[PDB]
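A short write-up of the structure that comes next.
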Amino acid sequence: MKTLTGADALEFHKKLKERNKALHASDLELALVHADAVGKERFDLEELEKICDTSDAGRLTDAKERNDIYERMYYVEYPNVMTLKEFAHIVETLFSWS
Amino acid sequence: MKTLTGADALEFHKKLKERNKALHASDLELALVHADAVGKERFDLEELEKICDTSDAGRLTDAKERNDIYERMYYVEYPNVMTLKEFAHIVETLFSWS
Amino acid sequence: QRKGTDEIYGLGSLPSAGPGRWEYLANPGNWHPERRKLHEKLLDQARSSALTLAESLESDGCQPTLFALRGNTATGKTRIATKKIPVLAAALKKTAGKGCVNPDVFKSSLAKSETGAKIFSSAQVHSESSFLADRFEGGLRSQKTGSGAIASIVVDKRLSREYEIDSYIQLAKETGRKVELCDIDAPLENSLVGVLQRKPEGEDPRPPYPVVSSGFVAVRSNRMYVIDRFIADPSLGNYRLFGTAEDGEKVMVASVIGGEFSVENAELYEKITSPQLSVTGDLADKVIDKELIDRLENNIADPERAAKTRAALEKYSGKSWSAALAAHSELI
Amino acid sequence: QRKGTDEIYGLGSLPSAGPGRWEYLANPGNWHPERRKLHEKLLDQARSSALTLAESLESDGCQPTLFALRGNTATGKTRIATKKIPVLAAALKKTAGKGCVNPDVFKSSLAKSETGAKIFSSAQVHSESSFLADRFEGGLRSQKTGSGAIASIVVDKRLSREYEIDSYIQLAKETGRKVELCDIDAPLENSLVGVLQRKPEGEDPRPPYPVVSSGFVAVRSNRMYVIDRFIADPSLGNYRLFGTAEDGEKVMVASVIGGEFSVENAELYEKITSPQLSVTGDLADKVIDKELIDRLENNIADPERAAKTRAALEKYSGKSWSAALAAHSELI
């Protein structure tokens, strides 16, 4: 297809960012409704941390990227996971591989 | 899967409406960028009407649902259609069938 | 084949265009007399079938109702009506399915013209069938049964857009009918194969690709508006949405019944309220090849359905979906 | 197989947890001496290969650069590096591909332990390989060539998240290196089949399903953030994004080169900046059956690729993708 260039490229990128930001927010909103309905354990970072390491080798020192990364993964990516203990095993698996 | 009921159902429906309204707006925004880039003929309802009937047998008397229906179809559904004359044949086809 | 039967059988200086033409021919007097007589005969037949439906439905205790069957072409609407609206199923049994408001019910008759053979195409008869459905519907609006109660009626159309849905809601409210709406969805490709399975010797329509894709887009984009009407007004009637699971089975997805809203399948609900469009995507250009036939067959377990799907598809193997439906639609 | 080599070869009271453990073992002195010697030997080997790369790249006129190859597991990253970064291809030829910063380059050596055979699993060696890559990377940060110029280096990791991308940008800015970033995408299913084609006797990693799916989600969701860094700062270096067309060919999708931003394929760009998630969707449970194998084969025209795809898939026929990759990953 024809290459978008100059201002058309920039406007496509700006509109696409807005689309994907709506999708990002929506995925988590809808996942949280579903999780409430099925009685999924409420996400709690401190409890999860007692049973797996979420630091990425201490590369993640913040809790704002950190809570945001894991709570979103918990609800959006793993809707059938009902408990933090289950999720912990998933996080451990993620950090056993590049 | 488990049925969403009561407030969970209503909140799912409300969030989903917001998602699909973002998607609706985005599809047209991105289509208009693309159309500009490829030099697609600008949508003009009056000119289109000179060459096909968009009324749905006079059931569409308004031009706000009418412009909105066709301009969106033109840009979003038929991105490879470059001209209103081409689009006209499409609208004629739509109104030849239930 | 070109000229419409409205042009062929209309008398005199036909307004060109859409409205103008629509009004002019809306007058039964602007047709050649033989054609006017055929109109009368078809409307009398439809009317007799609709009254049979309405007397059945009232005898089974159904208050005056507008049963609206919404959804795109070849989504399995008839099978849902039959299985999931038992009162209406009982009625349609008595008329062999006749009596619903739908332009397509007139097409086989107009295309044969009492000649004994189909000599006009569906497209050639569509405008005239639309004028007849409108006349039929207009005569049913205040039609009563033997008890003096407003007759129940069935509107079998895509019903995709807000203006249409609003018009039928208004008709229902003005004539004291409930609206019983079953909204049926299938993926676009399921409608496309559904259309290629419809045989020219049948009476089900065989439209070209743009009709089916633009129908899909309109029905999905406007669906939540229709649901909101029921959520907002419990007295309007009831709404049920049926979607298609991976194996082709219809399942309940969302409902508003007796005012109560529930989402029986939230994954499908997310999916079937969106048209899944992209800036340049084109299913119209996808070619029907062995793997596409096998990919569709892999999710069809019923032997009769699988065989009919397969034979319809093989007939157009090598063609894009757009070419396949355009060729299929051109058969008389 | 359970115990990690960090646990096996670490000396004494190992802090439990993550950080604590990380710092403790970050000290080369907390390892048994034989293990410390193996560490030294591997780092010297890696270092010699990285210097060979850097002297090649400088001799070919490349200013000090951090070449970052972003993208999920088994997306065709190596083939893009080779074909689309000709200066780096020339360098990697001299080292047979060695010298890049990537924990996986140490795993085969740590898993054999100079024993002659693999006796630990990839997961058992991962923490230790990660500590070595960090030490290797730390020694390259201010490493110079024979001209006294900062050495060019290659970071071959998924690089999915903003924190990682920010860290490498900071390293580049602090050491006067440009960033030359090629970002490579393939659909999730392509990565899954890519992983099942990787043989245990090879050195490419074979992770289980969650790694590949969560990698996909992270790489797609954060992609536009990485592009925005280049759009905002022309001096940072250059960015190119390659995506996969339907036939498996890589194509340019978007780029920021010499500050200029362009979208070479807007349809793919729309698609590959989103993870295409739904509230309950599960590719993990999809079963590898004949039609899935045929569906993948239908879009693979190259004979060698098609045969290897097929044989890898047939080995796990009947299993879900999650079961297939879990079984594949458990091989040594």
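Throughout, read-outs are computed from the coordinates displayed, never taken from laboratory work. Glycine gets a Cβ as well: all are built from the backbone with ideal geometry, and neighbour counts include every protein chain shown.
At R0 = 41 Å, how high is the FRET efficiency between D:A117 and D:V251 if r is their beta carbon distance? Nearest 0.05 is fine. The partial results should precede the final answer.
Details: r = 42 Å, r/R0 = 1.03.
E(calc), rounded to 0.05, equals 0.45.
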For A:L10 paired with C:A232, estimate the spin-label separation in nm (one decimal), with each label point 7 Å from Cα along the Cα-to-Cβ line. 4.2
Net dipole in debye of the range D:200-268 [+1 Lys, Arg Cβ; -1 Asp, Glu Cβ; about Cα centre; nearest 20]: 300
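At a 10 Å Cβ-Cβ cut-off, how would you order D:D233, D:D247, C:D6, fewest neighbours first?
Working: D:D233 14, D:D247 11, C:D6 22.
Ascending number of Cβ neighbours within 10 Å: D:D247, D:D233, C:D6.
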Can you tell me how much longer the chain between D:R141 and D:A26 gets when fully stretched, taken as 0.36 nm per residue apart minus their C-alpha distance, in nm with one decimal? 39.7 nm
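Let me have the relative contact order for the range A:2-98, percent, based on Cα pairs under 8 Å that are six or more residues apart.
Details: 48 pairs, mean separation 33.6, N = 97.
In percent, rounded to a whole number, it is 35.
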Loop-resident GluC sites (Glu not before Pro) in the range D:137-237 with no more than 10 other Cβ atoms inside 10 Å, DSSP not H/G/I/E/B, are D:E201
Label distances, nm, C:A307 versus same residue in remaining copies, Cβ-directed 7 Å point: 4.0
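Calculate how many DSSP beta bridges within the protein assembly as shown are antiparallel, expressed in % of all such bridges and rounded to the nearest 5. Could the numbers behind the result be given before it?
Working: 26 of 60 bridges.
That works out to approximately 45 percent antiparallel.
Suppose a student asked you for the relative contact order of the range C:85-176, using Cα pairs under 8 Å spaced at least 6 residues apart; what percent would you report? Can you show the working numbers first?
Working: 66 pairs, mean separation 24.7, N = 92.
About 27 percent, as a whole number.
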222 nm [θ] for chain C, helices only, -39500 (n - 2.57) per DSSP H run of 4+, per residue, to 500? -15000 deg cm²/dmol
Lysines whose Cα lies under 23 Å from that of C:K315, excluding same-chain neighbours fewer than 8 positions away: C:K118, C:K199, C:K286, C:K290
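For C:8-19, what's the mean count of beta carbons from other chains sitting within 10 Å of each residue's beta carbon? Mind showing how you got there, number by number?
Working: counts 0, 0, 0, 0, 0, 0, 0, 0, 1, 5, 11, 8.
Taking the mean over all residues of the peptide, I get 2.
Using the Kyte-Doolittle scale, find the helices of chain C whose mean hydropathy is at least -1.0 and whose Cα atoms extend 27 Å or more along the helix's long axis, counting only whole DSSP H runs. Walk me through the numbers before you get to the answer.
Values: long enough: C:33-59 (39 Å, -0.84).
Membrane-span-like by this criterion, though nothing is claimed about a membrane: C:33-59.
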What's the magnitude of the charge dipole for chain C around its Cα centre, counting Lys and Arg as +1 and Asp and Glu as -1 at the beta-carbon? Answer in Debye, nearest 20. 860
I'd like to know which of D:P187, D:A111, D:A123 lies farthest towards the positive end of the charge dipole of the range D:103-208, counting +1 on Cβ of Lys and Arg and -1 on Cβ of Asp and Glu. D:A111
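Taking the range D:1-87, which chymotrypsin sites (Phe, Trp or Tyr not before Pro) meet the DSSP loop condition and have no more than 12 other C-beta atoms within 10 Å? Working shown, then result.
Numbers: sites: D:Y9, D:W22, D:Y24, D:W31, D:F67; in loops: none.
Here no chymotrypsin sites (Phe, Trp or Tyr not before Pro) fit, given the DSSP loop and packing criteria.
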FRET E, pair C:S13, C:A90, Förster distance 41 Å, beta-carbon r, rounded to 0.05: 0.25
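Say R0 is 60 Å: what FRET efficiency, to the nearest 0.05, do D:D44 and B:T61 get from their beta-carbon distance?
Details: r = 83 Å, r/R0 = 1.38.
E between D:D44 and B:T61, to the nearest 0.05, is 0.15.
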Inter-site label distance for D:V287 and C:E34 at 7 Å from Cα along Cβ, in nm: 6.2
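Arrange B:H24, D:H328 by Cβ neighbour counts within 10 Å, fewest through most, would you? Present the calculation step by step, with values, prior to reporting the outcome.
Values: B:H24 16, D:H328 23.
Sorted ascending by nearby Cβ count, the order is B:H24, D:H328.
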Label points for D:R295 built 7 Å along Cα→Cβ; distances to same position in the other copies, nm, shortest first, come to 0.7
Just report the Cα centroid separation between the range C:219-261 and the range A:29-98, whole Å. 34
Taking the label point 7 Å from Cα in the Cβ direction, how far apart in nm is C:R47 from each other copy of itself, listed shortest first? 10.1
In the calculated pair distance distribution of chain C, what percentage of Cα-Cα distances lie above 37 Å? 19
Bins of 10 Å, beginning at zero and ending with the bin holding the largest distance: percent of Cα pairs per bin for the protein assembly as shown, please. 2, 11, 19, 22, 17, 12, 8, 5, 3, 1, 0
Obtain the nm distance between the two label points defined at A:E41 and B:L45 by a simple spin-label model: each point lies 7 Å from its Cα along the Cα-to-C-beta direction. 5.6
Compute the relative contact order of chain C as a whole-number percentage, counting only Cα pairs closer than 8 Å that sit 6 or more residues apart in sequence. 18
So in chain D, what percent of DSSP beta bridges are antiparallel if you round to the nearest 5? 40
